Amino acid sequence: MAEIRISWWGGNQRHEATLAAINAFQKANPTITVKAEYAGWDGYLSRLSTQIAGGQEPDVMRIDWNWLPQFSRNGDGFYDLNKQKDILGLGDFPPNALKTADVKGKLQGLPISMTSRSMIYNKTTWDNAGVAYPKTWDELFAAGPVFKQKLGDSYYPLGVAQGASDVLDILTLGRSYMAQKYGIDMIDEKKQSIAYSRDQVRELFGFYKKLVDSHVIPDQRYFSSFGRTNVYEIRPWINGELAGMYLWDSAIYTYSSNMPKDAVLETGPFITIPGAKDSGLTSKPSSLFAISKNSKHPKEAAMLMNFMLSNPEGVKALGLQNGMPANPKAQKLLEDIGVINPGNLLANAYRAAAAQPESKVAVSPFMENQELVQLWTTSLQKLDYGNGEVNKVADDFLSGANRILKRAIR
């Protein structure tokens, strides 16, 4: 028998479903051995990076899109999936989706699903506050004091998805705001630099300070009080004190996972500046499957990928555990069998994003650079612990961010 290895991360529901897909693949392809190598998200990238350095990586890897600079722009790259166009059925996938994973003409990975940032709100809490979901940034800021006065200091319109560990969500929210306002992105890849002027970086930090000062989100002192606990497991999320999250729609299942049975989470309006220049709609692949550059069995690896993403048996096995399938035929199947339905929060969030005006402002994978995100996070902590004024923190973020980007971007 021929043997292929596949790695991924996620929770136990994704693990079961991925195993179900593998078992169905093996039934259909009884001479192929599949070795499953899954794990949790923490440590996955560091393990994979070490494997790749030694030639020890699996034949098929789940990867994040924002890892392509490390592994492909500035590394050896993956097996070029255009070499398996027919097996993969690349013509089924949206061309725009495939373009996201191209590096210099070579397709580095196959998007499993596309995903967008959108608001998920706790209906019960907003209704108890007497505030409608906000359509403009004004309404968002104005909701904070109302929550505070009406429900108490524990209650907030919006949380921070990874607390004091990482504040990429609010960085991205700020980026969306700035794209609406100015029609530019945060990153200038050509210049290997932050695209915002010194003044615009100040405005970005000011936007954060406003969210905090207005009681829209809790500060970093609040989140630090919860330690290293997953925010999707802390009591204020579970019990509706934090009444919103700005999530990738591919994270909805995770954030829904520990909510009480009677809780009601809903997709919320796409907050926009009146007369915005751009929608600021923020989308990317939720994840990709890549084939090892030096796999001995790239055809069989591609067969497994096609089975998971396009074959009805693999598609049914995986359901929505990796988000809304990138292959529209796979989505149609899931709708036909009722897995995609109008009661489903992921489907609703995804469909809402799909109805928004397309952004003309590119999302850079470098906005998710881990050093950059940690610099942002620590900068917010400096502000929130009273260890710095906005301008100094902002200007220092700009210089440090630019040092990081000169290393990261090439």
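One-based numbering along the sequence shown.
Note to self: Please compare 382 to 390 with 7 to 15 and name the stretch with the higher mean C-alpha B-factor in the deposited structure.
What the structure shows: According to the entry, 382 to 390 carries the higher average C-alpha B-factor.
Check: For the C-alpha atoms alone, is the average B factor greater in 120 to 128 or in 306 to 314, going by the entry?
Finding: Mean CA B-factor is higher for 120 to 128.
Next item on the list: Please work out which residue in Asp64, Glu358, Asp59, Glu37 has the highest C-alpha B-factor recorded for this crystal structure.
Entry: Reading the PDB entry, the winner on C-alpha B-factor is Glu358.
Next item on the list: Would you mind finding, among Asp188, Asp166, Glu300, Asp102, the residue with the largest C-alpha temperature factor in the entry?
Entry: Each of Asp188, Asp166, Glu300, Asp102 was compared by C-alpha B-factor; the highest is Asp188.
Checklist line | Where the record places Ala161 (Cα B-factor, split into thirds across the chain) | finding: Lowest third - that is where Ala161 ends up once the chain's C-alpha B-factors are sorted.
Notebook entry, point to check: If you rank the chain by CA B-factor, which third does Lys181 end up in: lowest, middle or highest?
Noted result: Answer is highest: the recorded C-alpha B-factor places it there.
Checklist line | Modelled-residue ranking by C-alpha temperature factor, third containing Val231 | finding: Answer is middle: the recorded C-alpha B-factor places it there.
Notebook entry, point to check: Would the CA B-factor of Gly275 place it in the lowest, middle or highest third of its chain?
Noted result: Answer is highest: the recorded C-alpha B-factor places it there.
Next item on the list: Relative to the other modelled residues of the same chain, rank the CA B-factor of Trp41 and answer lowest, middle or highest third.
Entry: Its C-alpha B-factor, which the entry lists for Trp41, ranks in the highest third among residues of this chain.
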